[PDB]
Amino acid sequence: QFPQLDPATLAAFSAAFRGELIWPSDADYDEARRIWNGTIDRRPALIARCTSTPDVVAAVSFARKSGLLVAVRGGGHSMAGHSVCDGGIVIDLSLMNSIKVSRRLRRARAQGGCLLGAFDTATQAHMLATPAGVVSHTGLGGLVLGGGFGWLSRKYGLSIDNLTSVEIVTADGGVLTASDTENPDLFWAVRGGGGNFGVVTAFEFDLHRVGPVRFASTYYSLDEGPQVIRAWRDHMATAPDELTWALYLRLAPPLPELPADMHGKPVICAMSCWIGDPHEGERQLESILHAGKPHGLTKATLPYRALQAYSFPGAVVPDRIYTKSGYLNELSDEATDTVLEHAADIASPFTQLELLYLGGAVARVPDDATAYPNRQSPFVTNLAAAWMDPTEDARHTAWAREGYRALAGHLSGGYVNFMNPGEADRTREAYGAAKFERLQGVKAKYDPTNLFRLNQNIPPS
């Protein structure tokens, strides 16, 4: 926490760095070191808030020279706690939030510290968008490096499927460009390979015109769980790419649109949207809403920016979280029953057992085209425990691990961006052997000393 540093290499860093430095003695240190996963309580020797690419070069080089463990932070959403370290340096990108958008080229260049909501605001000024995650204050950086999925993904692919280049700072302090035509081996690896290869300071995306979206959210009783889940699974198998429909098993929020009868009881929350014409969307959504008897139905026609901002309306931000996630190639009636049993046990009002259906454009990309594994598995399930009181940690964590073990014969792979702090050992199985090995080769080339290891780490071959 107070390691001895070399005064000469500290002063050279300071001279070369235009951003802000936050030391352990500083008033803002305890807030600056907090990340969204509040179970993670670590104490860096230094937080370096970078403001440009040359800042990130100076910070990488200073870390390498001084032997400080490197954490990189974009939006601080790491479910595994990777964006903070004990006794090392946090290369904190959160002030590097600039976005340039060309309407004529349908292109955006976003800095590596952007939040999604900043990005979506900027592109939507021109009625443009590209796929990203569903919660606005997530970081672009970590989300994209792992793949990135959300409402636009069935239609337009993963975030990475719209990424045309990056600017990246490597472990040796060099600044590279990677694209299809420049360092393409690195360009393959960053599209799914996390922060293993360097600090991405700029991302360039192709964009799509996305106008108003018909959206619906409704809640179903768990008494109708099997019918509603089976309807969802069957429907999604043949659904237009334009339809996205997700199920969140959770206690019913105390909202005025729901009867007070249901508040605080486990329910299915179904969220759906039509990426396309809203009149068509109204027809499509009406056709799926009666999977069970709907309660607390909200339907609206939203700019895409508002769809992105919608998830989720609650009164309190959860402090502590723990997640267990995997993909499924099929969701059987037996797995459905398992999901429903484990959902009925949910204790916290912030916890959700999520059932997502990807496929569509995501699955049309060939498997070997990027480092993102599992494109062909259309289901994702995430036991997303969240709560407030640290004395409850063992109970919440146990719930998520029990549900995972019960589902484990159905599950395959894992999204690197849903891994928890204990899941370092899941990397090889997440990627599979052929991808894991190709990534190790890229690692050997670009980060042979594994300078960047606070991630779902790929050691160099």
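A residue's number is simply how far along the shown sequence it sits, counting from 1. Between two forms, the rigid core is defined as the largest C-alpha subset superposing within 1.5 Å.
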Taking the root mean square of C-alpha distances over all structures and residues in 5 other deposited structures of this protein, with a rigid core superposition, name the larger of 131-139 and 315-323.
-> 315-323
Core-fitted comparison in 5 other deposited structures of this protein, 305-313 vs 72-80, farther C-alphas | 305-313
Mean temperature factor over C-alpha atoms, higher-scoring stretch between 180-188 and 157-165 = 180-188
On average, are the C-alpha B-factors higher in 394-402 or in 40-48?
-> 40-48
Based on what the PDB entry reports, which of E354, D367, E204, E280 has the top C-alpha B-factor?
-> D367
Would you please rank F119 by its C-alpha temperature factor against the other modelled residues of its chain and give the third it falls in: lowest, middle or highest?
-> lowest
If you rank every modelled residue in this chain by C-alpha B factor, which third holds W151: lowest, middle or highest?
-> lowest
Ranked against its chain, the third holding the CA B-factor of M419 | middle
Name the third of the chain's ranked CA B-factors that contains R73, choosing lowest, middle or highest.
-> lowest
Third of the chain's Cα B-factor distribution that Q456 belongs to, per the entry = middle
